[PDB]
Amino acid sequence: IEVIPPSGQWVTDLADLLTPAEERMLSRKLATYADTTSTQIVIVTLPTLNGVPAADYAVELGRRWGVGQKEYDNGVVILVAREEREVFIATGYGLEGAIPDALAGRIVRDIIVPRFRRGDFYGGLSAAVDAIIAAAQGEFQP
């Protein structure tokens, strides 16, 4: 599997879902969380996965980019595959148990997808970040 190379960005919006101001606001939140906790959460948006499963892509991007390694200790990839209408939340092994499949799925189904169907990409991703941070803190309360 070949994924995109490391961007150096908290938000890599290759589907161009977000305005620059929306990217900068998400990026500030993500960077601040990483600074305080050493947990690196990144957002990647892609026009298409070209037939690669979202799970496989998210895991390879976390590996290739070293998400949650190097300067950081734990990692999350939020991968948005626009053509396939998939959102895959991938956590590093360190965070095993913090976001089970049902909690990730409920973030996608109930938090992200209804916002995305209205064109509210910033709100859906912002709320997903907040839910991920709450879950990583042991404080997610659906």
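Don't overthink the numbering: it's just position in the shown sequence, from 1.
Looking at mean Cα B-factors across 41-49 and 89-97, the upper value is held by 89-97. Annotation for 117-125 versus 9-17: the higher mean temperature factor (C-alpha) is found in 117-125. For residue 102, the recorded CA temperature factor ranks within the highest third of the chain's modelled residues. When all modelled residues of the chain are sorted by CA temperature factor, residue 112 is found within the highest third.
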